[PDB]
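Under this note's numbering, think of the first position of the sequence shown as 7, with each following residue one higher. Quick reminder that beta carbons are idealized off the backbone N, C-alpha and C, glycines included.
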Amino acid sequence: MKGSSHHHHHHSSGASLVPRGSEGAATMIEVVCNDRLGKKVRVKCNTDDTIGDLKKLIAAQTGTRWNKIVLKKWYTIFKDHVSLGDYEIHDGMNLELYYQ
Numbered sequence: 007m008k009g010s011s012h013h014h015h016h017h018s019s020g021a022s023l024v025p026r027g028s029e030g031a032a033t034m035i036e037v038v039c040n041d042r043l044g045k046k047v048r049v050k051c052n053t054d055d056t057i058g059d060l061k062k063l064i065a066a067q068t069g070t071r072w073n074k075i076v077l078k079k080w081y082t083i084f085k086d087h088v089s090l091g092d093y094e095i096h097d098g099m100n101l102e103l104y105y106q
């Protein structure tokens, strides 16, 4: 008695030229994914994009799998339901990049 998986669908889309960040806060901040390759990895994202969305990019930038990217800070685990707006991530925040 056991299963796995549920559904597979996405609902995202990027719009060129921020159409005014009214109500829905969407600020741009640079993140630094500290990899274990030696060289750091920076990426551009907005607070509107959650860790998941971010991870996706990272995996897109690095080439890894969005499902193979873990963002940790000191001793804090980042969920896929917590955005940057919650972590108040600052433009240039160094986070521990880890691969599953």
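Could you give the distance in angstroms between the alpha-carbon of residue i and the alpha-carbon of residue j?
i           : j     : result
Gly20       : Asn52 : 11 Å
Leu23       : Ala32 : 12 Å
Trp72       : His96 : 22 Å
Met99       : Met7  : 43 Å
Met34       : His12 : 32 Å
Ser28       : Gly9  : 42 Å
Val38       : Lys50 : 9 Å
residue 112 : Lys61 : The shown model of the chain, from 7 to 106, leaves out residue 112, and the question about it has no answer.
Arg48       : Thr56 : 16 Å
Quick check on DSSP: helix, strand or coil for residue i?
i      : result
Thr68  : helix
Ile75  : coil
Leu103 : strand
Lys8   : coil
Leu63  : helix
How close, in whole Å, do the beta carbons of residue i and residue j come, if the pair is a contact with beta carbons under 8 Å?
i     : j     : result
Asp54 : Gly30 : 7 Å
List the residues that DSSP assigns as beta-bridge partners of residue i.
i     : result
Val49 : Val37
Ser89 : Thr56
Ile83 : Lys78
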